[PDB]
Amino acid sequence: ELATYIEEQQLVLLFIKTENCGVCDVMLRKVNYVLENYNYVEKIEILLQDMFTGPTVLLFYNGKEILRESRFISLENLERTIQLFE
């Protein structure tokens, strides 16, 4: 909340996951893969405690939430959306 202002570094993607979650790990690999091709996206990972599994990806542009996907994650949607910022 204090470098959430430095979290206005253009296009940024939150990957949110939980401590015991098999898919999360796979999907993170999958997301990372896409992000190979797009240097101008910044990833932040948040690992929540177990105690909601996820994963959840949020995409923010200049702070505005532009995309939210969850549980099963259209890498197509993610990519095309990112692309709108070529």
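The rules behind these values
Residues numbered from 1 in each chain as written, not as in the entry; some residues may be left out. Heavy atoms only, no water. Residues with missing side-chain atoms left out of burial classes, pairs and counts. Pairing = 2+ DSSP bridges. Helix = DSSP H or I, 4+ residues; strand = E, 2+ residues; numbered from the N terminus. Right-handed = clockwise from strand over helix to strand, strands pointing away. Axes fitted to C-alpha atoms, helices over the stretch in contact; angles between N-to-C directions. Contact = heavy atoms within 4.5 Å.

Per the PDB header, the entry is named "Crystal structure of thioredoxin-like protein BCE_0499 from Bacillus cereus ATCC 10987".

Student: Explain the pairing of strand β2 (residues 41–48) to me, please; I cannot follow it from the model alone.
Tutor: On a regular strand, each side chain points to the face opposite its neighbour's, so the side chains alternate between the two faces of the sheet. Bridge count between strand β1 (residues 11–18) and β2: 8 bridges; the pairing is parallel. Each bridged residue has a counterpart across the sheet, and for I16 the counterpart in β2 is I46. Crossover connection from β1 via helix α1 (residues 22–36) to parallel β2: handedness right-handed.

Student: Mind showing me how you'd approach the sheet that holds β2 here?
Tutor: Backbone hydrogen bonds hold the strands of a sheet together, and the pairing may be parallel or antiparallel. Pairing is mixed in the open sheet, where 4 strands are placed in the order β2-β1-β3-β4. Edge positions in the open sheet fall to β2 and β4 (64–70), since each of these has one partner strand only. Neighbour-to-neighbour, the strand axes of the sheet open up by a mean angle of 20°, direction not taken into account. Pairing analysis gives 6 bridges linking β1 to strand β3 (residues 56–61), with the strands arranged antiparallel. Looking across to β3, one finds that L13 is bridged to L59. Against the sheet, α1 contacts β1, β2 and β3, and its axis sits at roughly 165° relative to β1.

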